[PDB]
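Asks: quick one, fold the following:
(2 chains, ligands or ions: 4)
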Amino acid sequence: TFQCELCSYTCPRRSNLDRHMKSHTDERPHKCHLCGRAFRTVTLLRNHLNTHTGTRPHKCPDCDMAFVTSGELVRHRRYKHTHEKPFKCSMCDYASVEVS
DNA sequence: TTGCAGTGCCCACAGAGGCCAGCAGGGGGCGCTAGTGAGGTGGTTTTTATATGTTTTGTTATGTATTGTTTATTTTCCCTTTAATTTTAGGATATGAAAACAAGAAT
Ligand SMILES: [Zn+2]
Ligand SMILES: [Zn+2]
Ligand SMILES: [Zn+2]
Ligand SMILES: [Zn+2]
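Replies: Numbers count the residues shown, from 1 in each chain, chains lettered A, B, ... in the order given. Ligands and ions are numbered 1, 2, ... in the order given. Here you go:
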């Protein structure tokens, strides 16, 4: 029912349309007090500051290294600890942690 | 000793193959982020629900009006007895009208 004007975005929640309009309008009100980089939400700026300094809270349960976000630890476990490999190739027997 | 037939040696430029940097092939692991997606919390209203006040409905009691009841004073229908009232002779009256007499008038 809900439709977009800038693109063919179709959702059922008005709040989803609101966020999509915020993405089109690029409301970035969160700057970094070290570099000119800016973001739209607080968690992005929090991770950016957790990269300018070493304050990595997501610790690896199987080794002693760490990362700022969860997805990086997910893929680290699928590379090094639980070799998942969901996506597989066409001809060869290849598979890896990322679609890239 | 020489000409001829056959050998020795020294060089050198090719020929060859290992040495080497350069460079491209497939694949493993990390740094970082935009953008949804979903889930949880807070606010809002809202909707159901509950309780109070007012009014409407139902019930009760009293007074008035209607129908009925045996008196009860008309009233009215029906007797036997008078009290006017009417009808029928019977005698008397009256008022008329001829009748006779008397008085003018004529012949
Ligand atoms: Zn759009
Ligand atoms: Zn910065
Ligand atoms: Zn690890
Ligand atoms: Zn393949």
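Asks: can you classify the residue located most distally from the centre of chain A as helix, strand or coil?
Replies: What lies farthest from the middle of chain A is residue A:91; by CA atoms, centre = their mean that is 30.6 Å. Using DSSP: H, G, I helix; E, B strand; the rest coil, the structure places residue A:91 in coil.
Asks: what about it, distance to DNA strand B?
Replies: Using CB to the nearest atom of the strand, to the nearest Å, residue A:91 is found at 10 Å from DNA strand B. From N, CA and C alone the C-beta is placed, and that goes for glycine too.
Asks: ok, now residue A:87?
Replies: 11 Å.
Asks: contact partners for that residue?
Replies: Taking CB atoms under 8 Å, 6 or more residues apart in numbering, we find residue A:87 in contact with A:95-96, A:99.
Asks: just the buried ones from those, in PyMOL syntax?
Replies: Of those, the buried ones can be selected in PyMOL as follows, counting by 16 or more other CB atoms under 10 Å:
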select buried, chain A and resi 96
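Asks: near DNA strand B, which residues of chain A?
Replies: Applying CB under 7 Å from any atom of the strand, we find that chain A lies next to DNA strand B at A:9, A:11, A:15-16, A:19-20, A:23, A:26, A:37, A:39-41, A:44, A:47-48, A:51, A:65, A:67-69, A:71-72, A:75-76, A:79-80, A:83, A:92, A:94, A:96, A:98, A:100.
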